[PDB]
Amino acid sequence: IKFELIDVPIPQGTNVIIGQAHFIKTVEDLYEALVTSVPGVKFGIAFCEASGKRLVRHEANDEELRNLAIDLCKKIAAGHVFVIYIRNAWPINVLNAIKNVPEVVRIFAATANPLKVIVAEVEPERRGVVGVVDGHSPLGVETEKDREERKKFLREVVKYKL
C-alpha cells in the first residue's frame, strides 16, 4: 500500500462534495439532484467509471466547474468516486438529495475549507479513498461568549435559526 495526498482546489465561492457511488447512471442522477435543488445553482459533476471504457463522465452547466470536477476525478484516479463543485448553492441546500440517490453509497467531504483526499494505491490502476482532511485541528474549547456569537451569527447574519 501507497498513501498519496490529493490536494483539492476550491476557488472562492465554490464548495466541493466528494463521495462514492456506482453504475454509469450516477452522473445523470447527480446532475438531476443538483439541478432540481436550487434554481440558479451552477455546478459540474464528474464520476469515475470503474470498468469497461473506464471514462471520467461529466455533466455541468458551467464550464469552469466542469473542468474542476473532471480534474479532481483524474487526480483522485479511484474507481467510482464522484466529485461535485457548486456555485450559487451551499452543500446543505443539496446534501439530502445527493444522499438519497440510489447509486450513491457514501459521501466523504462537503466543504469549502483547505482539503486533502487520502488515496490508497494497492497496485497500479487500483485505487481507493481511505479518508479526507477537511480543514484544521481545534485550537481550544468554545466559551460562553463564543457560544453567544455563534448563536447570534445563526439568527442575525445567515438567518437559519430564530
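Residue positions are given as counts along the sequence shown, with the first one as 1.
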property	result
Stretch exceeding the other in mean C-alpha B-factor - 107-115, 133-141	133-141
22-30 versus 57-65 - greater average Cα B-factor per the deposited record	57-65
Chain-relative CA temperature factor third for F82	lowest
Among modelled residues of the same chain, the CA temperature factor third for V94	middle
Third assignment of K159 from its chain's C-alpha B-factors	middle
Position of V122 among the chain's modelled residues by C-alpha B-factor, lowest, middle or highest third	middle
Assigned third (lowest, middle, highest) for the C-alpha B factor of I70	highest
